Amino acid sequence: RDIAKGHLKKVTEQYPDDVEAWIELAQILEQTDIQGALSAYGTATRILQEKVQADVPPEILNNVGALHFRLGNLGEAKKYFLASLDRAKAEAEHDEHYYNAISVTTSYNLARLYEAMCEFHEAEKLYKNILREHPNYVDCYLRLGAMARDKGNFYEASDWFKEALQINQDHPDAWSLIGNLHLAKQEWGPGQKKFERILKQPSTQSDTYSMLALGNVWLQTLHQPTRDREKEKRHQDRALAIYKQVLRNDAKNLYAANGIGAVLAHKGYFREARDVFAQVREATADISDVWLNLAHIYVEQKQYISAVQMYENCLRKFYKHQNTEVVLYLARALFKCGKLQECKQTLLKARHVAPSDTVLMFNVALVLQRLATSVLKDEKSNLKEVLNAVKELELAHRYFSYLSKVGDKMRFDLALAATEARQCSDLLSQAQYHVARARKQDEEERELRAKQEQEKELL
Amino acid sequence: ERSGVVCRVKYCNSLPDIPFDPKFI
Amino acid sequence: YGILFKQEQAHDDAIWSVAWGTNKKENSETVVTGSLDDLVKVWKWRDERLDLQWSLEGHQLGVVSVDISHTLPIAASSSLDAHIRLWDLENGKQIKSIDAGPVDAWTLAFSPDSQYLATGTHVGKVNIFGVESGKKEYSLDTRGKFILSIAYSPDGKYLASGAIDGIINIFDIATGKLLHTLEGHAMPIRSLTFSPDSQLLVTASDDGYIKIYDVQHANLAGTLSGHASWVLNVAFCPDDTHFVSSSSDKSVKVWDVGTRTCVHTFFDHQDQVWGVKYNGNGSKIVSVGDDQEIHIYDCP
Amino acid sequence: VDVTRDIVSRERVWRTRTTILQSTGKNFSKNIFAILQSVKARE
């Protein structure tokens with residue numbers, strides 16, 4: 001391939017009637033930089049026109065649309081697929097070259113494009129057109145399944161996925177996607193050994209993707225109160241063994257190293273974690289996980305001013321306006337002023353899309369409690385804010401009452417609101433103390449403004 | 001205050017799905 | 001077709017709800033906004049330009065819903081405070097605070113006659129309130145998980161409810177009983193709009209699917225694919241010919257009711273849009289978002 | 001059928017699952033395994 005690169009830039013500058021020279025240029029460029037492939041196709045489109053005004057074969061045009069698919073040029077990628085299908089139609093008699101099959105994969109690409117338009121209606125149309133004419137194909141059979149997976153798991157999503165194994169049980173991609181469905185059901189955690197054992201046949205092995213999935217379903221077992229019972233210690237070392245195995249078979253996997261750093265961070269080695277995550281950090285920043293795991297270390301050194309910025313940097317993806325666990329992992333030991341009131345604003349943003357959470361309404365009660373005790377104790381503060389303080393702690397007591405009546409918690413019962421209730425009662429006493437001080441500061445500001453009134457009369 | 005905010009802190013790890021790059025004839 | 005007015009930094013914090021009055025009770029002349037900054041800014045759209053008429057406060061948490069009466073020039077606001085404050089707009093004064101205690105409160109809706117006040121609740125009930133009383137007259141109890149979205153029939157004969165995981169519940173408000181329990185969605189519904197004739201109904205879930213249902217026999221008239229993000233708010237073009245779509249990706253697709261076509265898209269908010277409403281005919285289109293900047297879209 | 005081998009031959013895969021996990025740079029694991037052994041030196 002490097003010698004191919006050398007010969008290709010031995011001939012690209014040349015022209016011994018170069019025709020396909022750009023075709024086999026870009027034919028290796030698809031692994032490499034895509035823009036080089038674009039440029040090769042660009043003059044390759046021209047070069048088929050001067051010797052004779054010959055229409056570009058649709059395999060070229062489909063592939064350049066395929067390039068623009070991973071680029072921002074989605075619309076003219078669609079135009080490329082349209083004119084590709086037309087040129088295949090212009091290959092009226094070419095069942096030797098099988099323009100029909102080329103149209104099949106072209107339509108597959110165009111349906112994948114309609115998915116990028118989020119035109120899932122026409123994506124459904126193209127997919128069912130292909131499957132009604134070539135039902136032996138699997139990728140269309142499961143992208144349809146993936147589309148309904150975006151709607152949900154127990155749809156015909158899961159059933160297209162299972163029948164994709166029924167048409168092809170040898171198919172590792174679909175078979176992986178079977179257990180990918182089961183990632184939604186984490187209560188089907190220990191059951192995933194079987195549904196990720198089926199193609200641990202060694203024809204499929206080695207499957208890095210699946211064995212990292214084993215490591216991941218093995219790590220979600222952690223953060224339980226049974227580590228002291230050596231159970232999660234064994235789980236940590238078993239995940240470590242998986243990670244050593246994927247380490248030896250691949251040094252350059254990055255999700256592996258994320259897994260090693262995660263399990264050792266669960267082992268309490270957080271100074272020993274930011275380094276290993278730093279490696280995958282330069283390797284590629286575009287892994288959503290490592291953004292979180294680094295800031296967990298930062299807040300473990302209480303480095304909030306290094307952490308929350310990178311949290312909202314993780315929020316710079318076009319995925320979800322209020323991801324819940326990220327603002328949870330944001331509001332952890334947040335103790336300064338913006339770490340209190342803007343913390344409340346973040347909790348309100350989360351609560352706006354997630355008013356169902358008991359933990360979130362507990363945590364807003366907690367942060368309201370913190371800001372209430374921040375304004376009534378050594379304060380000696382404004383009238384209006386301590387007037388808001390009594391209302392906000394009253395609200396906090398409403399949530400203390402409300403959550404305590406609820407049974408289910410985050411597997412830790414929140415009768416801890418009761419000591420908050422004794423607190424807020426003594427906070428009522430303190431507020432009745434300090435509101436008198438508020439009236440005192442009001443009357444003294446009245447007397448000093450009288451004192452300036454008299455002297456300005458004197459002037 | 002007396003204790004920090006509660007969390008089920010986990011060093012989770014996500015997986016990319018199957019890409020399905022548009023095909024190259 | 002474009003933007004007429006853009007209102008730079010109209011709020012301190014992110015808007016969650018919009019209310020633009022439709023009638024000629026000086027409410028076509030004004031806009032009501034509901035935000036996180038606890039400001040209910042009454043924006044007088046006068047001389048085809050957007051002026052602040054009132055700024056209303058006291059909603060101690062961020063506002064979840066604002067609305068303007070069909071039959072009255074007054075307004076009402078809700079939040080996580082569970083104090084559904086009722087507002088008079090000619091003076092910018094609060095009429096009352098309806099404590100929907102302790103927390104059991106959600107988005108509101110002015111009745112077409114502006115007598116009853118529906119809201120969602122954590123238990124799944126739909127609590128109806130007297131605009132004159134501030135009292136929970138009766139709760140439309142339909143079990144589920146949580147009630148997220150509601151809309152009156154504007155002709156005043158049905159109610160529909162959107163729940164926390166795609167439960168669509170059809171009611172006869174003349175009798176307050178459940179007619180159909182429709183389940184075309186699985187993911188949370190944030191907005192739903194009765195048709196101007198209340199013949200159709202729109203759904204806005206986390207799937208970008210506008211599943212349009214018939215009302216008079218309560219069946220699927222068709223599913224419409226939308227944005228890449230979560231579609232959030234929807235309003236009918238009041239002449240019953242278009243509907244607008246607020247999403248979670250800084251983008252507002254405008255849709256035909258029949259041809260199921262994005263007749264236009266605006267991208268103008270650099271942040272996630274939250275709320276939409278048309279003109280009295282549907283030419284002007286109001287639009288809010290986390291940009292704290294309000295964009296007014298003329299659409300002939 | 002003939003369509004299956006007919007399509008899967010003529011297309012190409014430049015983007016698979018497995019090399020997503022593998023990094024496009026060269027991040028070896030000796031440094032990783034060295035600190036793996038180093039934490040074992042604390043053990």
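When we count neighbours, we look across all protein chains shown, and the Cβ atoms used for this are built from the backbone with ideal geometry, even at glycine. Since every read-out is calculated from the coordinates, none of them should be taken as a lab result.
Partner chain Cβ atoms within 10 Å, averaged over the residues of D:24-31 - can you pull that number for me? Intermediate results must be reported in sequence, preceding the final value.
Working: counts 4, 7, 3, 10, 3, 13, 1, 5.
Averaged over the peptide's residues, the number is 6.
Between 0 and 90 degrees, rounded to the nearest ten: what's the tilt of helix A:74-90 against the longest Cα principal axis of chain A?
In chain A, helix A:74-90 runs at an angle near 20 degrees to the longest axis.
So what are the ³J(HN,Hα) numbers for the range A:396-402, from phi and the Karplus equation (6.51, -1.76, 1.60; θ = phi - 60°), rounded to whole Hz, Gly and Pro as x?
4, 5, 4, 6, 4, 4, 5
Counting pairs of alpha carbon atoms under 8 Å apart in space and at least six apart in sequence, what relative contact order in percent does chain A give? Walk me through the numbers before you get to the answer.
Values: 388 pairs, mean separation 21.4, N = 459.
With pairs under 8 Å counted, the relative contact order is 5 percent.
If amide hydrogens are placed 1.01 Å from N in the peptide plane, which non-local residues have theirs closer than 5 Å to the one on C:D51?
Residues meeting the amide H criterion: C:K44, C:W45, C:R46.
Could you give the distance between the Cα centres of the range A:231-255 and the range A:94-111, to the whole Å?
The distance from the Cα centre of the range A:231-255 to that of the range A:94-111 comes to 43 Å.
Just add up the charged neighbours of C:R46: K/R +1, D/E -1, any other residue whose Cβ is under 12 Å from the Cβ of C:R46. Intermediate results must be reported in sequence, preceding the final value.
Working: positive: C:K44, C:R49; negative: C:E26, C:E29, C:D47, C:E48, C:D51.
Net charge in that neighbourhood comes out at -3.
Helix A:254-266 versus the longest principal axis of chain A: what is the Cα-based angle in degrees, 0 to 90, to the nearest 10?
Taking the Cα atoms of chain A, the angle to A:254-266 is about 30 degrees.
Which of C:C237, A:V364, C:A19 sits farthest toward the positive end of the charge dipole of the protein assembly as shown, with +1 on the Cβ of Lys and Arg and -1 on the Cβ of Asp and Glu?
A:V364
In whole Hz, with x marking every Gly and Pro, tabulate ³J(HN,Hα) for the range C:160-176 from phi via Karplus 6.51 cos²θ - 1.76 cosθ + 1.60, θ = phi - 60°.
3J(HN,Hα) across the range C:160-176, in whole Hz: 10, 10, x, 9, 6, 9, x, 10, 10, 10, 9, 10, 9, 5, 5, 10, x.
Sequence neighbours fewer than 8 away in the same chain don't count; with that in mind, list the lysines whose C-alpha is under 27 Å from C:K135.
A:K391, A:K405, C:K25, C:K41, C:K93, C:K96, C:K125, C:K145, C:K157, C:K177
Taking the Cα centre as origin and putting +1 on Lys and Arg beta-carbons and -1 on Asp and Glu beta-carbons, what dipole magnitude results for the protein assembly as shown, to the nearest 20 debye?
So the dipole magnitude of the protein assembly as shown works out to roughly 3160 debye.
Calculate one ³J(HN,Hα) per residue across the range A:373-390 by plugging θ = phi - 60° into the Karplus curve 6.51 cos²θ - 1.76 cosθ + 1.60, and present them in order as whole Hz with x for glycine and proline.
Using θ = phi - 60°, the values come out as 6, 7, 9, 10, 10, 9, 10, 6, 7, 5, 4, 5, 5, 6, 5, 6, 5, 5 Hz.
Report the relative contact order of chain C, percent, no decimals, based on alpha-carbon pairs under 8 angstrom and at least 6 residues apart. Mind showing how you got there, number by number?
Working: 925 pairs, mean separation 40.5, N = 300.
The value is 14 percent.
Using Cα atoms only, what is the angle between the long axis of helix A:157-167 and the major principal axis of chain A, expressed in degrees (0 to 90) to the nearest 10?
On a 0 to 90 degree scale, this one is about 30.
Could you please state, rounded to a whole Å, how far the C-alpha centre of the range C:73-144 is from the C-alpha centre of the range C:257-280?
Answer, in whole Å: 27.
Provide the FRET efficiency to the nearest 0.05 for the A:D33-C:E29 pair, computing r from the beta carbons and using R0 = 51 Å. Intermediate results must be reported in sequence, preceding the final value.
Working: r = 58 Å, r/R0 = 1.13.
So, using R0 = 51 Å, E works out to roughly 0.35.
Across the residues of D:1-8, average count of Cβ atoms on other protein chains within 10 Å? Walk me through the numbers on the way to the answer.
Working: counts 4, 3, 10, 6, 1, 8, 13, 5.
Rounded to a whole number, the mean comes out at 6.
Taking the Cβ of A:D207 as the centre, find all other residues whose Cβ is under 13 Å away and add up their charges (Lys, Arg: +1; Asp, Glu: -1). Don't skip to the answer; put the middle values down first.
Numbers: positive: A:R197, A:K200, D:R17; negative: A:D170, A:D173, A:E196, A:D250.
Residues near A:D207 contribute -1 overall.
Suppose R0 equals 41 Å; then what is the FRET efficiency for A:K233 and A:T358 from their Cβ-Cβ distance, rounded to the nearest 0.05? The partial results should precede the final answer.
Numbers: r = 31 Å, r/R0 = 0.75.
E(calc), rounded to 0.05, equals 0.85.
Give the Cα extents of the protein assembly as shown along the principal axes, in whole Å, largest first.
So the three principal-axis extents are 101, 73, 65 Å.
Counting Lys +1, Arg +1, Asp -1, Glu -1, what net charge surrounds C:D271 among other residues with beta carbon under 11 Å of its beta carbon? All intermediate terms of the calculation are to be shown ahead of the outcome.
Details: positive: C:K250; negative: C:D249, C:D268, C:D290, C:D291, C:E293.
Result for the local shell: -4.
Under 5 Å between amide H atoms, partner at least 5 residues away or on a different chain: which partners does C:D271 have, H built in plane at 1.01 Å?
Answer set, sorted by chain and number: C:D291.
Please compute, over every Cα-Cα pair in the range A:228-363, the percentage with a separation greater than 17 angstrom. Working shown, then result.
Details: 5932 of 9180 pairs.
More than 17 Å apart: 65 percent of the Cα pairs in the range A:228-363.
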